[PDB]
């Protein structure tokens, strides 16, 4: 996260770290058994680390839970990063507590101008902001017209842009798969962009609201 601030106590309890020997992607807990992340973060098995603030320190709030299933959206396409969403089933339920709490999946799409929060442990492009301490940033949803203008022909129904076309504030490398929360619910998944925080190159996010039926029916196959 570039241009953000260290997240406050208690504040992003749905944020998870995906780990394969190291942090490589974020994700969001959406109920006791399931995490939503980005399909480009797929690995056949992952350790989900919940209750984290500093990913390098054992704080006593963490839960480490292996995946039992990792399910990419069936229409994920790497050439264009389309349908960049994935479900991870936890091999045992997460324990919900002060530090670990799910975020709801919205059935309605947030309009242009809505202020949201993105978070993660990715690059900060800052000499004093520590990427190991979870970072938070407020970003507004951009219009479709500005999103497509930034990346002509590259924006699909499954994407939205959010951030600042002036540059300086964005998600980055290592934030992928993590949450964009708007009015308390998971509107986006960190997906792609050209560079990080560059003028004219806003962040692109998977548009969670149009995947509700895939998400809920996949999770219901207990």
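Residue numbers count along the first chain shown, from 1.
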| item | value |
| --- | --- |
| 53-61 set against 184-192, stretch whose average Cα temperature factor tops the other in the entry | 53-61 |
| Between 193-201 and 170-178 (mean CA B-factor, as deposited), the higher | 193-201 |
| From 149, 132, 98, 119, residue of greatest CA B-factor | 132 |
| From 86, 115, 125, 103, residue of greatest CA B-factor | 125 |
| Modelled-residue ranking by C-alpha temperature factor, third containing residue 18 | lowest |
| Ranked against its chain, the third holding the CA B-factor of residue 41 | middle |
| Chain-relative CA temperature factor third for residue 70 | highest |
| Third of the chain's Cα B-factor distribution that residue 208 belongs to, per the entry | lowest |
| Ranked C-alpha temperature factor of residue 110 among modelled chain residues, by third | highest |
